[PDB]
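This report concerns only the one structure given below.
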Amino acid sequence: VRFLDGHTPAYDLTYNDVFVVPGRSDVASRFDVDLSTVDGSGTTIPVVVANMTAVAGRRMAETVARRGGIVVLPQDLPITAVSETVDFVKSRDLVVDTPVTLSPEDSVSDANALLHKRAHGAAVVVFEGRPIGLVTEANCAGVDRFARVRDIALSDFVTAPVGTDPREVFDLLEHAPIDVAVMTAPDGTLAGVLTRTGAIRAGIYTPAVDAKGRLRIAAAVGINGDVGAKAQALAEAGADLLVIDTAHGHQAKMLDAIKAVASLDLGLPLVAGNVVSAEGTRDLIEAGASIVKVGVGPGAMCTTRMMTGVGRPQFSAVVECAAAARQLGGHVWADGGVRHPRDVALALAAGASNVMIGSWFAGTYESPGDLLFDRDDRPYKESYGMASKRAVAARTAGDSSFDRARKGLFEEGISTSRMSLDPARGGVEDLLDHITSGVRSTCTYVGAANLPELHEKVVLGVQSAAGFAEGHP
Amino acid sequence: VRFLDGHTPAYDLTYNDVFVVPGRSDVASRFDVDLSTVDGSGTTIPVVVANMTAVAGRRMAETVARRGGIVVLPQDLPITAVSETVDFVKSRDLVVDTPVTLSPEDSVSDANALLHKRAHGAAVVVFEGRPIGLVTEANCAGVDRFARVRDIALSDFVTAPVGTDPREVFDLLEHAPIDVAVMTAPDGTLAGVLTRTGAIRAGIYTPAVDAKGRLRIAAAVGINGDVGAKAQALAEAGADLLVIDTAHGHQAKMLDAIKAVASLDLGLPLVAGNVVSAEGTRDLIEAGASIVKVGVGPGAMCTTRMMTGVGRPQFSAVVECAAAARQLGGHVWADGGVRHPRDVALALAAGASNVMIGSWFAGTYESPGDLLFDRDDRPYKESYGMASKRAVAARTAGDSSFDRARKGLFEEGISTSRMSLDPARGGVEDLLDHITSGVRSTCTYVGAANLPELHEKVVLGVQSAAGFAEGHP
Amino acid sequence: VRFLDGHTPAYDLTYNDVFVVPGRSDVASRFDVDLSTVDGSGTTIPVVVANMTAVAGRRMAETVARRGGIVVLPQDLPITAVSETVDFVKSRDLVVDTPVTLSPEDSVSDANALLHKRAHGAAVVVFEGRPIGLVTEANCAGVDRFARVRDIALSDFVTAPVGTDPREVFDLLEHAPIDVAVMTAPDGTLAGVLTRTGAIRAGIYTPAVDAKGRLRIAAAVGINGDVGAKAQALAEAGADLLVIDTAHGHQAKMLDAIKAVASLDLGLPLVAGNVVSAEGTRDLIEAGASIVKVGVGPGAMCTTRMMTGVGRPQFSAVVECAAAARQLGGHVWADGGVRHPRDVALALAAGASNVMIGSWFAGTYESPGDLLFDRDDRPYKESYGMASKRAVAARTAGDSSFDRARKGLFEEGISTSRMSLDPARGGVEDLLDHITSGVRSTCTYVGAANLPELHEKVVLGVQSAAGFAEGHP
Amino acid sequence: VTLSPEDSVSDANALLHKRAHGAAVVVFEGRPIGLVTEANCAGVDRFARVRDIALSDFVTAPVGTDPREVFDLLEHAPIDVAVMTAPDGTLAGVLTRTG
Ligand SMILES: NC(=O)c1ccc[n+]([C@@H]2O[C@H](COP(=O)([O-])OP(=O)(O)OC[C@H]3O[C@@H](n4cnc5c(N)ncnc54)[C@H](OP(=O)(O)O)[C@@H]3O)[C@@H](O)[C@H]2O)c1
Ligand SMILES: NC(=O)c1ccc[n+]([C@@H]2O[C@H](COP(=O)([O-])OP(=O)(O)OC[C@H]3O[C@@H](n4cnc5c(N)ncnc54)[C@H](OP(=O)(O)O)[C@@H]3O)[C@@H](O)[C@H]2O)c1
Ligand SMILES: *c1nc2c(ncn2[C@@H]2O[C@H](COP(=O)(O)O)[C@@H](O)[C@H]2O)c(=O)[nH]1
Ligand SMILES: *c1nc2c(ncn2[C@@H]2O[C@H](COP(=O)(O)O)[C@@H](O)[C@H]2O)c(=O)[nH]1
Ligand SMILES: *c1nc2c(ncn2[C@@H]2O[C@H](COP(=O)(O)O)[C@@H](O)[C@H]2O)c(=O)[nH]1
Ligand SMILES: O=c1[nH]cnc2c1ncn2[C@@H]1O[C@H](COP(=O)(O)O)[C@@H](O)[C@H]1O
Ligand SMILES: O=c1[nH]cnc2c1ncn2[C@@H]1O[C@H](COP(=O)(O)O)[C@@H](O)[C@H]1O
Ligand SMILES: O=c1[nH]cnc2c1ncn2[C@@H]1O[C@H](COP(=O)(O)O)[C@@H](O)[C@H]1O
Ligand SMILES: O=c1[nH]cnc2c1ncn2[C@@H]1O[C@H](COP(=O)(O)O)[C@@H](O)[C@H]1O
C-alpha cells in the first residue's frame, strides 16, 4: 500500500487513524464496480458474517447469501442442527425470499411476534402449502392476543408465478396496498414472496452459489477434540468453506488442527485465525490454510485488550498480514471492529479479501435473537461474545460442576449488549445496501473497477483525531 | 508556507491542528487591511456562499454581494428561476437594502412571519409603490392573526432621499423610535431602507459589482447532461462566474465538462471541483479551469468520510492544492468545514484565494428556509446536503420509480440539520462582521496589509489537541 | 532546559503536554526553598496579578503584596484613582491586615454584604477610629435588613497592641470564639486585624516592599495616546514597576512606546508585551524593556485563537522567549492560561522569572467584583477580558456613537464568565498557599533551593493525553 | 422613600419596596433633587453611591395642586411619580396617577 509522503507514524493505526485520497478515475458509475472476491469464498460482495451464535442463524444465512455474502455457522452448533440449516439454505430460491408463514389457527399473539423474523412487513397465511391471506402489523393492532389469524387476515393479495421477471413484479406492486407479491408454484403452492425492494436488489446483487446453483454457507470448528472428524462431518453436511477459529491462532494446537484438516483433503477453502502478525500469517498458511483470519481484540464484544493488553490496531494488522499472505499466494479476512462502511472499505484497501462482521448484524430482523424493546419503545436485540460466561456456560454444560467452576476463571467477552435496530431500515439487507454503496463509492474515488484494483491503486494518509472529526457523523 | 523548525508531522493537518505565529507588523489599524481577492471572482471580502439550496437564495445573494461576497446559485435551479433571481440581484441598490414590504390588506399573521426574511426588524407598508407605514414585531404582539396590517401599522417614520450620505442617515436615526430610515425616490416611491448598522457597513464593505456597476452573482452547473448548453444559458442569463461542481472532481466526466465549457469561450471565471490532490488540481486547470474548488469530506452536511473513508484533512489539502494551482497561475477555493473565523483565516494562510461557506449561513434570516423554533423557543433553520435523500428526491423527481429506487442506494449527505440563529445577531451580515474582523486581525498579527501578503508572510506551527484547547471557545 | 532523550516532538507544547522528572536532592525541607525572583520586580513569590479590571483592585493589591506578589493596576484606571489606590497600599501595615469596618449606624443589610470583601470572617465596628465590637455572618442571620449594626455586634473581642509577635497572637486566639485579634495603636485607635492563619503566613511569606519599606504596586499603560506622559504620571504617583501592554506586542507602535518611556529614565523596571517569538523578545528588549510579557491567546477570557488562529502553545512560547531574553540579560513573564499550581511550576521551569495570573484570582473575596450566588447558592464572581465588548464600552464611552459603532466590529474577549469561589478557601491567600506549596515541592523534586536552580537543574519530558490523565484530577 | 446621595445602591435597592410608588426621592437639604427606580440600580455595583444613578429629571408640582391636573401631568411621564413640593421648595411627598 502507498501512503502520502512523510506519513510514517511511530505507532500502529486503526481504521480511525487513516483516510483514502481520491485519484484519477474513469469509472463512470458506481454500479460499474465489480465487488466479487478472489479468495475462493465464492462471495460476490466482500462481506462475511461472523461465527457468532447471536448473529449466524438460518434466516441470516439465507438472506445474506442471496445478496452475495456468506454466513459462518458457529462451532457450538450440533451436527444435526448444522445439517438441517444447510439443507434449508440450499433449498432456497435465488430470487424469491422465504416469508413468515402462519396457520389460520395461529393466535394473533404469535402472528405479531413472528412478523419481525423477516423484513417483509407481512406474513403469508398458508393452508396445506397454499397461500390464503396476508397478515401485517396493522391487522394485529388492537385485536385480542388470542383471536385467530383467520379473523384478521387480508383475503386479497397480489400473486405471480415463480420465475416471473423481477422487473415486472416491481411494476405489479406499484399501486398494491401491500408491498408483497406472493410467488406461487405451477400447482398453486407457496414458493415465497418478493417485495419492490427485493426486486430491485435482484438486479443489483448476485447470489453466492455453489457448483450446483444453491446458496453458499460456511461452518466453523474449534481446535479442541477431534478436529479432523468434526471438519469431515461439516464437509459431508454440505458446508462450502471451513473456518478453524480460536482466540490465539498462533499456538501449536492450532497448527496441528490445520494439518489434521488439510491432510483429509476435503477440497474446500480453509480459513484459520486469529493472528495479527506476519509470522503467524505465514505459519498458518504453511500449516495448510489458504485464508488467514486477522484480528485480536477489535471485536465489539471483546474484553481481551483490557484483560491482557494483547492486541493490535486492526488496520496495521491487516496491512502487515495481507502482505505476508500475498507473498505465499494466500488471502486475509479482516475480522472485528466494523462499525461503519468506511471500516469495510479501509480493510479492503489494506489488502483483505473479505471482511467479517459480527455484532453490527445482530441488530437486524434476520438475526437469531428475539426482538426486544426498551422503556422508550426503541427496538433492539442482544449480542454477546463467544468467549463470555454466557457462551462458555452453554458450550460446557456437559462438564462437572468442579470443572465448570475452575474454567469460570477466564472470561474475555461480554455476556450481554444492546444492539439497536434502525427504526426505518431494520433489515440486514438494508445494512448491506449501506455497506456496499460506500465500498462502491470508495472504488470510484480511487479509480478502481474491482477489489484487486482497489488495493493496487489506493493511496492512504494518516490523520489526527481532529482529522477523523471532519465531516458529519 | 513556512512552518516552525521541526514541525513536520507524520500526518495531514486540519484547521484545529495548526496555529499562526505573529510577526513584526507596521499595519497601524485593522481597518487598513485590504481584503480584496485576486482570483477574478470580484469579491472584496474572501467569502463565497456555497451552491446549496438551503443557503443560496436571492435574499442571500443580494445581501452578501452588497458586502463584498458572492453567492453561487445551486445547479438544481431552473433557468427561468435563475434569470428571475439574477435580474432581481442586478437591480438592487449598492447602499440601500431591500426591505420586507407589506400591503395594508395583508394579515397580521403574514406580517409576523414575513418580518424574519430580513434583519431590519421592521417591514414597510406600501400602497402603489409608496411607503405609508412601518410594522415591527412589537406591533403584532397580541393582535388577532387575521386583523389587517393597517390596524397596527406605525404611521410616522423617518424618510430620506436615495443618494443621501450614509453618515447623515446614521445621525438621523440616533433618537428615532425605530432604527429604520425609509429611502425614497424623487417621485416618492420606495427605494429601500437603511439602518444605523447598515450605514456603518456602507463605509466598511465595498460592494462586489460587475462592469455595469451591478451586484455580482454566480451560478453552478453539474457534469451530467449537456454541460455546454447549460453553461451558456447561465452565462446569457447574467452570471458573473460559473462553478462546475461534483463530489469526485477528478474523473473523466469532469474533465470533459470543463473542456466543453472552456471551448465555448464565455469570458467568465471557471471554477471546478472538488479535489484534494496536487495532481487533481493540475488536471482541472489544464482542462480549462481558472479556479479549483478544494474539499472532499469536511462539509458539515457530508457523510462521505464515514461512508467511504475518502477525504483529506482540509488544511493540508488546501496547502498542497494552492501551491499546485499557483505554479500554473491558477487559484484555489477552500470549500467546506468552516465553523469559526479562524478557519477562514487559516485557509487564506494556506494559500486559498477564497473561502466557500455553506451550513454556517443557513442559520440566518436571509437564507431561503423558513424560521423555526424548538421546544425551548430557540430560533433555528434547516440545513441539508446536496447529495442527501431529500435533495436527490427533488433533483430526480421526474424519473421512473424503478430508476429512483436504484439511485436510492447512494446517500452521502444528511437530509436535515438544525442550525441555530444567534438570538442577538441573527443576520448574515453579523456573521460577515464576525468573520472579516477575525481575518483583519490575523493580517495585522502577521504584518500583512492584504491577502497576498498574508500567504507570503505567515509562519505556522503544529499543535496537539491540548494546544487547541488553550483559550475560551 | 534539558529534555529526556528523543523527546523532540514535531509540534509545540502546552503545560499539559509536559512533565518534570525528579532528580537527586539534598533540600531537606520544602520550607528551605527560596521563592524570591531576580527580575527586578521585587516579588518574593513568583506571582504577579494581571492588569485586569475584574481582578486588580486595591484590596487585591494590598493582600498579595503583603504575601510577596505584586498587582498591576489596569491601564483604564484614571490617574486620580491610581494615586488614591497607591497611597492606600503604601500606608498598609506589613503584618496586620485591613479589616472591613462598620459604623454602628450602618444597616445589617450593608454589614452582611460588606463582610465578604475580606476573608477574615468578621468586620470591626468602629467609632471615631477605635474598635467597639465585631460583626460576623452569624450575627446577621435572621435579623431585619434595616436593623442597625449596634443591635447585633459582639461587645467583647480579643485586643492586642500593634507590633506584638505574631507567634503570641496565634496563642491568644487558641480559645477565642472569633478567630480575629483586633490590633490597636498606642492611643487605642484601630490598626487592623490578625487571624490565626494570618499570623502563620507572616512567618512564611515575606512582604514585597519598596526602598522605604512600603508594599509594592505596579501599573499598566497602553500604547495609544501620549505613552510617555502617561508613564511619567504613573511613576510620580508611586508605581514600582511599569507594564506597557497590548495584544500584538510585536508592532511598530509598541516599539515606539517602549523607547518613549525608556528615554524618560524613570528608574523603574519596564515590562512590555505580549509576544511569543524570540524575534519579538529581542526587539522589545532592544527598544528598552527589561522584562518581556509572553502569551498570545492562552488567557481564559480570550477568544483570539478562535477569531484569528493566531497564538502559540504557552510552554513552548515561554521556553523560546526566555532563552532569547537571557542572552540579552533580560527576563520573561509567563502571562495567561494558569489553572493549577503545575502551570506556575512549569512556567518557571521553562525559564520565566514571574508568572502572571488573571481570571483564577477573580473568584476570591479580595477581587473588586461583587460576590454573587447561582440558583444552587454556590458563590461565584464575574470575570471578563480587557478586549471584550464590556471592557471597550467603558474604555471608549467618551467617543462619538459613530466611532463606537465602527469599533464594535472587533471583539477578542468574552464579556462575562462565572468564576466559582472554593466554599472553604475563598481567599486569594488560600490560592497563594495552594500555588506556592506546589512550586516549593517542584523545587525539592528537582533538587533546587531557589528559582534560578529550578530552571538550571530541571529535566523535562513529553507525554500524550493519556500521560496527563495519570493521577487524580 | 427618601435617600441621601451618600446612601449605597444596596440600601437604595432594598428600601424601594417599603412603598408602592416604585421610585425613591433623593433629597439634599430637604429638597428633591433626583429619583431612583429599580431600573436605575440594575447592574450597578452594590456599594456605589446613590448620586451615581439618580435621575435628575422628574415631574414636580406644588402641594395643594388639584389631583386631576397632577394626573394629567404624568400621562406621558417616564416615571409615574410626581414630586410634590412645599412653597419653600422642600419635599412635601409624592403623588402617583392612581394616587
Ligand atoms: N465536496 C464533497 O465532498 C461532496 C460530497 C458529496 C456531495 N457533494 C455535493 O453534491 C452535489 C452533486 O451531487 P453528486 O456529488 O452526487 O454529483 P452529481 O453531479 O449529481 O453526479 C455525479 C456523477 O458522477 C458519478 N460518480 C462516479 N463516482 C462517483 C462518486 N464516488 N460519488 C459521486 N458520484 C460519482 C455519478 O454516477 P453514479 O451515481 O451512477 O455513480 C453521477 O453520474 C454538489 O453540490 C456537490 O458539492 C459534495
Ligand atoms: N495577550 C493576548 O493574547 C490579548 C489578546 C487580546 C486582548 N488582550 C488585552 O487587551 C488589552 C488591550 O487591548 P488591545 O489589545 O485591543 O490594545 P489597545 O491598546 O486597546 O489597542 C491596540 C492598538 O493596536 C492596533 N492593532 C493592530 N493590530 C491589532 C491586533 N491584531 N489586535 C489588536 N489591536 C491591534 C489597534 O488598532 P485597531 O483597533 O484600529 O486595529 C489599536 O490602535 C490588554 O489588557 C491586553 O492584555 C490581550
Ligand atoms: C473477543 N472477541 C470475540 C468474542 N466473540 C467473538 N469475537 C470476535 O469478534 C468478531 C466480531 O467482531 P464485531 O466487532 O462484533 O464485528 C468475531 O468474528 C470474533 O473474531 C469474544 O468473546 N471476545
Ligand atoms: C457532502 N458534502 C456536501 C454535500 N452537499 C454539499 N457539500 C459540500 O459541503 C460544502 C459546505 O460545507 P459547510 O461545512 O456546510 O460550509 C459545500 O460547498 C459542498 O462542497 C453533501 O451532501 N455531502
Ligand atoms: C484575550 N486575552 C486577554 C484579554 N484580557 C486579558 N487577556 C490576557 O489574559 C491574561 C490572563 O489570563 P488568565 O488565563 O485569565 O490568567 C492577561 O494577563 C492578558 O494577557 C482579552 O480580552 N482577550
Ligand atoms: O414462518 C414461521 N412460521 C411459524 N413459526 C416460525 C416461523 N419462523 C420461525 N418460526 C418459529 O420460530 C422458531 C425459531 O426460528 P429462528 O429464529 O428462525 O431459528 C422456529 O423453530 C419456529 O418454531
Ligand atoms: O417583502 C415581501 N413581501 C411579501 N411577500 C414576500 C416578501 N418577501 C418574500 N415574500 C414571499 O415569500 C416567498 C419566498 O421568498 P424567498 O424566501 O425570498 O424566496 C415569495 O415568493 C413571496 O411570496
Ligand atoms: O470596610 C469597609 N467599610 C465600609 N464600606 C466599605 C468598606 N470596604 C469597601 N467599602 C465600600 O465598597 C466600595 C468599593 O470598595 P472596593 O470593592 O474595595 O473598591 C467603597 O467605595 C465603599 O463604599
Ligand atoms: O425612606 C426611607 N429612607 C431611609 N431609610 C428608611 C426609609 N424608610 C425606612 N427606612 C429604614 O428602615 C427602618 C425600618 O422602617 P419601617 O419598616 O418603616 O419601620 C427605619 O428605621 C429606617 O432605618
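Residues in the C-alpha cells are named by chain (A, B, ... in the order shown) and by number from 1 within that chain; ligands are numbered from 1 in the order shown.
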> Could you pull out the strand (DSSP E) residues of region 233-305 of chain A from DSSP and send them as an MDAnalysis selection string?
Replying inline: chainID A and resid 242:245 270:275 291:294
Write the selection just made, keeping N, CA, C and O atoms, as a PDB file, in the first residue's frame?
```pdb
ATOM      1  N   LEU A 242     -14.658 -23.916   5.371  1.00  0.00           N
ATOM      2  CA  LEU A 242     -14.401 -24.281   6.757  1.00  0.00           C
ATOM      3  C   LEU A 242     -13.568 -23.207   7.441  1.00  0.00           C
ATOM      4  O   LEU A 242     -12.581 -22.719   6.881  1.00  0.00           O
ATOM      5  N   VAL A 243     -13.963 -22.853   8.661  1.00  0.00           N
ATOM      6  CA  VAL A 243     -13.256 -21.868   9.473  1.00  0.00           C
ATOM      7  C   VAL A 243     -12.788 -22.562  10.743  1.00  0.00           C
ATOM      8  O   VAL A 243     -13.609 -22.992  11.563  1.00  0.00           O
ATOM      9  N   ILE A 244     -11.475 -22.677  10.906  1.00  0.00           N
ATOM     10  CA  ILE A 244     -10.882 -23.157  12.149  1.00  0.00           C
ATOM     11  C   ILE A 244     -10.557 -21.925  12.987  1.00  0.00           C
ATOM     12  O   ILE A 244      -9.640 -21.167  12.663  1.00  0.00           O
ATOM     13  N   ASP A 245     -11.307 -21.722  14.066  1.00  0.00           N
ATOM     14  CA  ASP A 245     -11.318 -20.452  14.776  1.00  0.00           C
ATOM     15  C   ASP A 245     -10.906 -20.632  16.231  1.00  0.00           C
ATOM     16  O   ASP A 245     -11.330 -21.583  16.895  1.00  0.00           O
ATOM     17  N   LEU A 270      -9.939 -23.333   3.299  1.00  0.00           N
ATOM     18  CA  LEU A 270      -9.666 -23.469   4.724  1.00  0.00           C
ATOM     19  C   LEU A 270      -9.270 -22.115   5.297  1.00  0.00           C
ATOM     20  O   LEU A 270      -8.242 -21.549   4.910  1.00  0.00           O
ATOM     21  N   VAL A 271     -10.081 -21.605   6.221  1.00  0.00           N
ATOM     22  CA  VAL A 271      -9.801 -20.360   6.926  1.00  0.00           C
ATOM     23  C   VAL A 271      -9.322 -20.697   8.330  1.00  0.00           C
ATOM     24  O   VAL A 271      -9.884 -21.578   8.993  1.00  0.00           O
ATOM     25  N   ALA A 272      -8.279 -20.003   8.787  1.00  0.00           N
ATOM     26  CA  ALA A 272      -7.750 -20.195  10.130  1.00  0.00           C
ATOM     27  C   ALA A 272      -7.381 -18.852  10.742  1.00  0.00           C
ATOM     28  O   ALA A 272      -6.802 -17.993  10.071  1.00  0.00           O
ATOM     29  N   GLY A 273      -7.711 -18.683  12.020  1.00  0.00           N
ATOM     30  CA  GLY A 273      -7.387 -17.478  12.759  1.00  0.00           C
ATOM     31  C   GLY A 273      -7.545 -17.735  14.243  1.00  0.00           C
ATOM     32  O   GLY A 273      -7.965 -18.815  14.663  1.00  0.00           O
ATOM     33  N   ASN A 274      -7.231 -16.719  15.046  1.00  0.00           N
ATOM     34  CA  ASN A 274      -6.867 -15.390  14.569  1.00  0.00           C
ATOM     35  C   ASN A 274      -5.440 -15.000  14.959  1.00  0.00           C
ATOM     36  O   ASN A 274      -4.962 -15.350  16.039  1.00  0.00           O
ATOM     37  N   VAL A 275      -4.772 -14.261  14.071  1.00  0.00           N
ATOM     38  CA  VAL A 275      -3.431 -13.740  14.303  1.00  0.00           C
ATOM     39  C   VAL A 275      -3.418 -12.266  13.909  1.00  0.00           C
ATOM     40  O   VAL A 275      -4.351 -11.760  13.283  1.00  0.00           O
ATOM     41  N   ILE A 291      -6.662 -19.123   3.724  1.00  0.00           N
ATOM     42  CA  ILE A 291      -7.114 -17.809   4.162  1.00  0.00           C
ATOM     43  C   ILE A 291      -6.822 -17.677   5.650  1.00  0.00           C
ATOM     44  O   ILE A 291      -7.066 -18.608   6.426  1.00  0.00           O
ATOM     45  N   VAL A 292      -6.292 -16.526   6.049  1.00  0.00           N
ATOM     46  CA  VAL A 292      -5.954 -16.251   7.439  1.00  0.00           C
ATOM     47  C   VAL A 292      -6.909 -15.189   7.966  1.00  0.00           C
ATOM     48  O   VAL A 292      -7.098 -14.145   7.332  1.00  0.00           O
ATOM     49  N   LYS A 293      -7.513 -15.458   9.121  1.00  0.00           N
ATOM     50  CA  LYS A 293      -8.425 -14.517   9.758  1.00  0.00           C
ATOM     51  C   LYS A 293      -7.627 -13.635  10.713  1.00  0.00           C
ATOM     52  O   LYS A 293      -6.938 -14.141  11.606  1.00  0.00           O
ATOM     53  N   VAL A 294      -7.711 -12.322  10.518  1.00  0.00           N
ATOM     54  CA  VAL A 294      -6.874 -11.357  11.221  1.00  0.00           C
ATOM     55  C   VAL A 294      -7.739 -10.561  12.186  1.00  0.00           C
ATOM     56  O   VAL A 294      -8.790 -10.038  11.799  1.00  0.00           O
TER      57      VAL A 294
END
```
> Just asking: which residues within region 135-348 of chain A are alpha helix (DSSP H) according to DSSP, as an NGL selection string?
Replying inline: :A and (166-172 or 196-202 or 227-236 or 252-262 or 278-287 or 304-308 or 314-327 or 341-348)
Counting only C-alpha atoms, a student should be able to say which residues of chain B come within 9 Å of chain A; what is the right answer, written as a short mmCIF file (atom, residue, chain, number, x, y, z; two decimals) with N, CA and C atoms, in the first residue's frame?
```
data_model
loop_
_atom_site.label_atom_id
_atom_site.label_comp_id
_atom_site.auth_asym_id
_atom_site.auth_seq_id
_atom_site.Cartn_x
_atom_site.Cartn_y
_atom_site.Cartn_z
N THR B 8 7.18 19.08 11.33
CA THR B 8 6.95 18.26 10.14
C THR B 8 6.31 16.96 10.60
N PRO B 9 5.01 16.98 10.90
CA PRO B 9 4.37 15.79 11.46
C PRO B 9 4.16 14.71 10.41
N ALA B 10 4.05 13.48 10.90
CA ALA B 10 3.82 12.32 10.05
C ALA B 10 2.33 12.10 9.77
N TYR B 11 1.58 13.18 9.55
CA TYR B 11 0.16 13.09 9.25
C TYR B 11 -0.28 14.41 8.63
N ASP B 12 -1.49 14.41 8.07
CA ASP B 12 -2.06 15.62 7.49
C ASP B 12 -2.87 16.38 8.54
N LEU B 13 -3.05 17.68 8.29
CA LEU B 13 -3.49 18.63 9.30
C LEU B 13 -4.86 19.20 8.97
N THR B 14 -5.68 19.39 10.01
CA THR B 14 -6.91 20.16 9.91
C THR B 14 -6.66 21.58 10.41
N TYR B 15 -7.71 22.41 10.33
CA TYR B 15 -7.62 23.76 10.88
C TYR B 15 -7.34 23.74 12.37
N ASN B 16 -7.83 22.72 13.08
CA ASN B 16 -7.60 22.60 14.52
C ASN B 16 -6.16 22.24 14.85
N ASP B 17 -5.43 21.65 13.91
CA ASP B 17 -4.09 21.14 14.18
C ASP B 17 -3.01 22.21 14.13
N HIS B 248 -16.71 13.93 -6.83
CA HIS B 248 -15.43 13.41 -7.29
C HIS B 248 -15.02 14.20 -8.53
N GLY B 249 -14.35 15.33 -8.31
CA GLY B 249 -13.97 16.19 -9.41
C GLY B 249 -12.81 15.69 -10.24
N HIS B 250 -12.18 14.58 -9.85
CA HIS B 250 -11.03 14.06 -10.59
C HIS B 250 -11.41 12.84 -11.43
N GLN B 251 -12.53 12.93 -12.15
CA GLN B 251 -12.95 11.85 -13.02
C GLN B 251 -13.02 12.37 -14.46
N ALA B 252 -13.06 11.42 -15.40
CA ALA B 252 -13.03 11.79 -16.82
C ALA B 252 -14.21 12.66 -17.21
N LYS B 253 -15.38 12.43 -16.60
CA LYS B 253 -16.56 13.21 -16.95
C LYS B 253 -16.40 14.68 -16.57
N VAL B 275 -11.42 18.53 -5.63
CA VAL B 275 -10.27 17.65 -5.50
C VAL B 275 -9.54 18.00 -4.21
N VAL B 276 -8.57 17.16 -3.84
CA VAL B 276 -7.74 17.39 -2.66
C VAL B 276 -6.30 16.98 -2.94
N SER B 277 -5.95 16.77 -4.21
CA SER B 277 -4.61 16.38 -4.59
C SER B 277 -4.01 17.40 -5.55
N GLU B 279 -2.24 16.59 -8.14
CA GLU B 279 -2.50 16.08 -9.49
C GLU B 279 -3.90 16.46 -9.96
N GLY B 280 -4.89 16.35 -9.07
CA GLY B 280 -6.24 16.75 -9.44
C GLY B 280 -6.33 18.22 -9.77
N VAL B 296 -12.97 17.43 -0.01
CA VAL B 296 -13.73 16.19 -0.12
C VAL B 296 -13.94 15.67 1.29
N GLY B 297 -15.15 15.80 1.81
CA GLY B 297 -15.44 15.32 3.14
C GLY B 297 -15.77 16.33 4.24
N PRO B 298 -15.08 17.48 4.31
CA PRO B 298 -15.18 18.30 5.53
C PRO B 298 -16.51 19.03 5.69
N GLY B 299 -17.36 19.05 4.68
CA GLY B 299 -18.62 19.77 4.80
C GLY B 299 -19.44 19.28 5.98
N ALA B 300 -20.10 20.22 6.66
CA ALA B 300 -20.86 19.89 7.86
C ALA B 300 -22.03 18.95 7.57
N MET B 301 -22.53 18.92 6.34
CA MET B 301 -23.62 18.03 5.97
C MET B 301 -23.15 16.74 5.31
N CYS B 302 -21.84 16.53 5.17
CA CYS B 302 -21.32 15.39 4.42
C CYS B 302 -21.14 14.18 5.32
N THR B 303 -21.42 13.00 4.75
CA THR B 303 -21.11 11.73 5.38
C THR B 303 -20.11 10.93 4.56
N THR B 304 -19.43 11.58 3.60
CA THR B 304 -18.54 10.87 2.69
C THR B 304 -17.43 10.15 3.45
N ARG B 305 -16.87 10.79 4.48
CA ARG B 305 -15.78 10.18 5.24
C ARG B 305 -16.24 8.87 5.89
N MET B 306 -17.41 8.88 6.52
CA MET B 306 -17.89 7.69 7.22
C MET B 306 -18.41 6.62 6.28
N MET B 307 -18.84 7.00 5.07
CA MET B 307 -19.34 6.01 4.11
C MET B 307 -18.22 5.35 3.32
N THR B 308 -17.14 6.09 3.04
CA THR B 308 -16.12 5.62 2.12
C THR B 308 -14.71 5.62 2.68
N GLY B 309 -14.43 6.36 3.76
CA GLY B 309 -13.07 6.58 4.17
C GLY B 309 -12.30 7.55 3.31
N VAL B 310 -12.94 8.15 2.30
CA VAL B 310 -12.27 9.04 1.36
C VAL B 310 -12.39 10.47 1.86
N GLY B 311 -11.30 11.21 1.75
CA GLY B 311 -11.24 12.58 2.22
C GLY B 311 -9.82 12.93 2.58
N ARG B 312 -9.60 14.22 2.85
CA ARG B 312 -8.29 14.67 3.24
C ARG B 312 -8.47 15.80 4.24
N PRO B 313 -7.70 15.82 5.33
CA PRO B 313 -7.74 16.96 6.26
C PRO B 313 -7.58 18.27 5.50
N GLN B 314 -8.55 19.17 5.70
CA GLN B 314 -8.75 20.27 4.76
C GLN B 314 -7.56 21.22 4.71
N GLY B 336 -15.65 23.98 2.49
CA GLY B 336 -16.18 23.07 3.48
C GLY B 336 -15.44 23.15 4.81
N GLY B 337 -16.17 22.86 5.89
CA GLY B 337 -15.59 22.72 7.21
C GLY B 337 -15.40 24.00 7.99
N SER B 401 -40.07 5.33 -11.24
CA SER B 401 -39.95 4.81 -9.88
C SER B 401 -38.89 3.72 -9.79
N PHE B 402 -38.64 3.00 -10.89
CA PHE B 402 -37.60 1.98 -10.89
C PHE B 402 -36.21 2.61 -10.79
N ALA B 405 -35.57 4.17 -7.39
CA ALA B 405 -35.29 3.15 -6.39
C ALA B 405 -33.83 2.71 -6.45
N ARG B 406 -33.33 2.44 -7.66
CA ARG B 406 -31.93 2.05 -7.81
C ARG B 406 -31.00 3.16 -7.32
N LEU B 409 -29.84 3.81 -3.61
CA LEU B 409 -28.77 3.07 -2.95
C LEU B 409 -27.72 4.00 -2.35
N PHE B 410 -27.46 5.14 -3.00
CA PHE B 410 -26.38 6.04 -2.60
C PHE B 410 -26.93 7.23 -1.83
N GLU B 411 -26.27 7.55 -0.72
CA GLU B 411 -26.62 8.73 0.08
C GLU B 411 -25.37 9.14 0.85
N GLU B 412 -24.79 10.28 0.50
CA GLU B 412 -23.59 10.79 1.15
C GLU B 412 -23.82 12.17 1.75
N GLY B 413 -25.03 12.40 2.24
CA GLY B 413 -25.36 13.66 2.88
C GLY B 413 -26.51 13.48 3.85
N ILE B 414 -26.57 14.36 4.84
CA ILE B 414 -27.65 14.35 5.81
C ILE B 414 -28.84 15.11 5.23
N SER B 464 -0.84 19.97 19.44
CA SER B 464 -1.69 18.86 19.84
C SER B 464 -3.08 19.38 20.20
N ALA B 465 -3.97 18.46 20.57
CA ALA B 465 -5.32 18.86 20.96
C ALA B 465 -5.32 19.73 22.21
#
```
> Which residues form the shell of 7 Å around ligand 8 when you count only C-alpha atoms and all ligand atoms, given as number ranges by chain?
Replying inline: C: 57-59, 99-102, 114, 117, 368-369; D: 47-48
How would the residues just chosen look if you wrote them out with C-alpha atoms as a short mmCIF file (atom, residue, chain, number, x, y, z; two decimals), in the first residue's frame?
```
data_model
loop_
_atom_site.label_atom_id
_atom_site.label_comp_id
_atom_site.auth_asym_id
_atom_site.auth_seq_id
_atom_site.Cartn_x
_atom_site.Cartn_y
_atom_site.Cartn_z
CA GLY C 57 -8.20 46.30 42.81
CA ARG C 58 -6.88 47.90 45.98
CA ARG C 59 -7.95 45.04 48.26
CA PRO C 99 -10.49 44.64 58.06
CA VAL C 100 -13.96 45.52 56.90
CA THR C 101 -15.02 48.38 59.17
CA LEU C 102 -18.59 49.28 60.13
CA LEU C 114 -19.55 44.20 53.12
CA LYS C 117 -14.83 41.93 50.79
CA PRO C 368 -13.09 44.03 43.02
CA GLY C 369 -16.28 42.36 41.81
CA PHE D 47 -21.71 49.81 47.00
CA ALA D 48 -21.77 52.65 44.52
#
```
